[PDB]
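Q: quick one, structure for this:
(one chain, ligands or ions: 2)
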Amino acid sequence: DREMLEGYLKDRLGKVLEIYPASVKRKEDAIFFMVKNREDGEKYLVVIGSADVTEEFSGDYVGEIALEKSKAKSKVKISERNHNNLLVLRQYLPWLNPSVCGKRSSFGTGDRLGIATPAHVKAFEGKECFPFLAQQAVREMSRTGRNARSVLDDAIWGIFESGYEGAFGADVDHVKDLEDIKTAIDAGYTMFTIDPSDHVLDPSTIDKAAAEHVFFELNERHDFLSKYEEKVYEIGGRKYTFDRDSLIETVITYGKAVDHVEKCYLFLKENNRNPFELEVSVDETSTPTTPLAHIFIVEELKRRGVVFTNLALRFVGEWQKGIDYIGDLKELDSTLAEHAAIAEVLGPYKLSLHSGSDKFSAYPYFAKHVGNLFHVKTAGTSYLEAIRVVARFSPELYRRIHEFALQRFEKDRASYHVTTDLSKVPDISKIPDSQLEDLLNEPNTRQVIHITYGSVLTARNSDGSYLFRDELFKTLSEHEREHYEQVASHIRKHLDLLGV
Ligand SMILES: [Zn+2]
Ligand SMILES: [Zn+2]
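A: Numbers count the residues shown, from 1 in each chain. Ligands and ions are numbered 1, 2, ... in the order given. See the structure here:
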């Protein structure tokens, strides 16, 4: 029984170590599982088996035990979740490795904290949907002190705690330059979201002379007019015609970005021996992606040999972080029908919705038009659920965090376009500890907390110690069950409304 192993461990190491039953796996002669120290919340891997297997793991030996199956004694060793031990574990447990998704529906669950992957796994139970359990943008990793190795390692450690053996993917989100691509390659990420948004031009903000010079140079090098001028596409009972000026606007908007994407794809082809997937994100545009722009981007990618699986368009309406969709559902439905039809005939390929966190108003139309071949990305919503749990069990922490975030909001709201109304966040000094949790139901407070995640995590006192991160993680460890169920139920709501 589990309690006998726990007593063995308590007697020899002198700590109360509780076993996660679902983590226990038996392969080779060996038995692997994860324990948690009741005193400090530290989690450890325990390996029981032949000396030849325990020797490949670093850590201190606990002793010898007798397996029920065989007379010969087995070595018991306890190891920390360092990187090389996770590598050895991932060789003994081959499912602990990211896979390429392919042309099937998927869902990304970013984890800005590194501890929510078991909950994300709970959310996919029974769902027919490929999970991206490792997903963090380069900028998120920068703002949190994590790197691609550590993000993937956190996700895989959580998967091991959960006991999940199905497939999963690892997405390096919004990548711009080639060195970050190299780090994600060396870590073994399986999806690369190429973000060429630096090169995207908005013709409504630049002068006409500059737009002209840009088109002239791009067309002198690529001959876009001979390729596309007057060309007609029949897709979905509709006609699309590349007239001169539409093609010119499209080229000035997207040509240099397509060049950037080509360069990144060629880099991945040269430096990645492992199976990989490529998503092309144009989710950073002030204007919704027109259908003609969609056609041009996809046709240029196909002409250049850039093999992509996902295309993340910028849809009509308002896609702000932490709140629901604001837009004309009529036009969203119609444009989604348009883009889905073009995706079918051009590829087919996956349409990828970034900023999907909490857009429940729009998920019906999404499941209608792309419900077969979609990808939906989320990240900050799990952080919001964690902060909700913090306000539920450590209100004095949430109060200080709320004030600090309100003061940091001005510097932090620059990198995002949020129409937050600060006068509509409730006055926290008039709210007792017993009710702070309700604050995370109010959209503008949700935006303030979503946006300032990095500042709260990185905040440091004068002496050099962090103000919140230590207590934040200790709080979340003390109420792991509640954190898990809140995150899992939220993500599963997202999956339910998407029809999977
Ligand atoms: Zn570039
Ligand atoms: Zn995004």
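Q: residue 361 against residue 324, yeah?
A: Yes: Residue 361 is within contact range of residue 324, at 4.9 Å (criterion: CB atoms under 8 Å). (Each C-beta comes from the backbone N, C-alpha and C, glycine too.)
Q: list the contacts of residue 435.
A: With contact set as CB atoms under 8 Å, 6 or more residues apart in numbering, residue 435 has no partners.
Q: got it, and residue 295?
A: Residues in contact with residue 295 (CB under 8 Å, 6+ apart) are 233, 240, 342, 346.
Q: let's see that with 6 Å instead.
A: Residue 295 sits next to residue 233 when contact means CB atoms under 6 Å, 6 or more residues apart in numbering.
Q: cool, and residue 457?
A: Counting by CB under 6 Å, 6+ apart, residue 457 touches 144, 469.
Q: where's it, which helix or strand?
A: Assigned by DSSP states H and E, residue 457 belongs to helix 453-458.
Q: likewise residue 142?
A: Element membership for residue 142, per DSSP H and E: helix 138-144.
Q: helices and strands around the helix ranked longest in the chain, which ones?
A: If you go by DSSP state H, the chain has its longest helix at helix 244-271. Contact partners of helix 244-271 among helices and strands, from 3 or more CB pairs under 6 Å, 6 or more residues apart in numbering; DSSP states H and E: helix 178-187, helix 208-222, helix 291-303.
Q: quick one, the longest one and helix 291-303 angle?
A: Note on geometry: by axes from the mean of the first three to the mean of the last three CA atoms, to 10 degrees, helix 208-222 and helix 291-303 are set 30 degrees apart in direction.
Q: which secondary structure elements does the helix or strand following helix 208-222 sit against?
A: Later in the chain than helix 208-222, the nearest helix or strand by DSSP H and E is helix 224-228. Helix 224-228 sits against no helix or strand, with contacts defined as 3+ CB pairs under 6 Å, 6+ apart.
Q: re earlier: how far out from the middle of the chain is the helix holding residue 142?
A: 12 Å (CA atoms, centre = their mean, to the nearest Å).
Q: do stretch 172-180 as well
A: The answer for stretch 172-180 is 14 Å, by CA atoms, centre = their mean.
Q: stretch 272-290: end-to-end distance?
A: 33 Å (CA to CA, to the nearest Å).
Q: helix, strand, or coil at residue 46?
A: Using DSSP: H, G, I helix; E, B strand; the rest coil, the structure places residue 46 in strand.
Q: for it, grab the count of nearby residues.
A: If you count neighbours by other CB atoms under 10 Å, residue 46 ends up with 22.
Q: between the longest helix of the chain and helix 208-222, what angle do the directions make?
A: Between helix 244-271 and helix 208-222, the angle formed by their directions is 50 degrees, by the same axes, to 10 degrees.
Q: helix 244-271: which residues count as buried?
A: Of the residues in helix 244-271, 246-262, 264-265, 267-268 count as buried by neighbour count, 16 or more other CB atoms under 10 Å.
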